[PDB]
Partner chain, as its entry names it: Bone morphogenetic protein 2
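Take a look at this single chain, the form deposited without its partner chain, given in structure tokens.
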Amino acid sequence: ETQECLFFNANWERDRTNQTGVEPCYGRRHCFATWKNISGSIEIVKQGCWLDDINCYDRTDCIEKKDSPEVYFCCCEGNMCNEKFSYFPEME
């Protein structure tokens, strides 16, 4: 049930991609986000489709449940589901 995702690439200039947009998923499809979070300050690394087989923490919402990771990651199902992404560590 995922055909398209929010696209973001902080390395767009060297990678020769758009900086942002809508990615069409081809290649079960998912969307994902990866980000840094230092003392509450969030920096997106990438957003887009995720095509390899994977399991996510929530079906609908993009959520990271690992505890204090250096690079945060989430995946989700549903068109544009990765526009919102949250941190709910298992330790809570």
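Positions refer to the first chain, counted from 1. Residues that one form lacks are left out of the comparison. In this text, rigid core is short for the largest set of C-alphas that superpose within 1.5 Å between two forms.
One more form of this protein, deposited with its partner chain bound, exists but is not displayed; see below.
- When its partner chain is considered in the deposited complex, residue 45 lines it closely, a heavy atom lying within 4.5 Å.
- Although the partner is absent here, residue 14 is a contact residue: one of its heavy atoms lies within 4.5 angstroms of its partner chain in the deposited complex.
- Residue 59 falls outside the set of residues with a heavy atom inside 4.5 Å of its partner chain in the deposited complex.
- The closest heavy atom approach of residue 34 to its partner chain in the deposited complex falls within 4.5 Å.
- Contacts to its partner chain in the deposited complex (heavy atom within 4.5 Å) from stretch 42 to 60: 45, 46, 50, 51, 53, 55.
- After superposing the rigid core, the Cα of residue 54 is displaced by 2 Å or more between the shown form and the other one.
- Pairwise change in the deposited complex: residue 57 and residue 71 C-alpha atoms lie farther apart than in the shown form, at least 3 Å.
- Wider separation of the C-alpha atoms of residue 44 and residue 58, by 3 angstroms or more, is seen in the deposited complex than in the present form.
- In sequence order, the runs of three or more residues whose C-alphas all shift by 2 angstroms or more between the shown form and the other one, with the rigid core superposed, are 52 to 54, 56 to 58.
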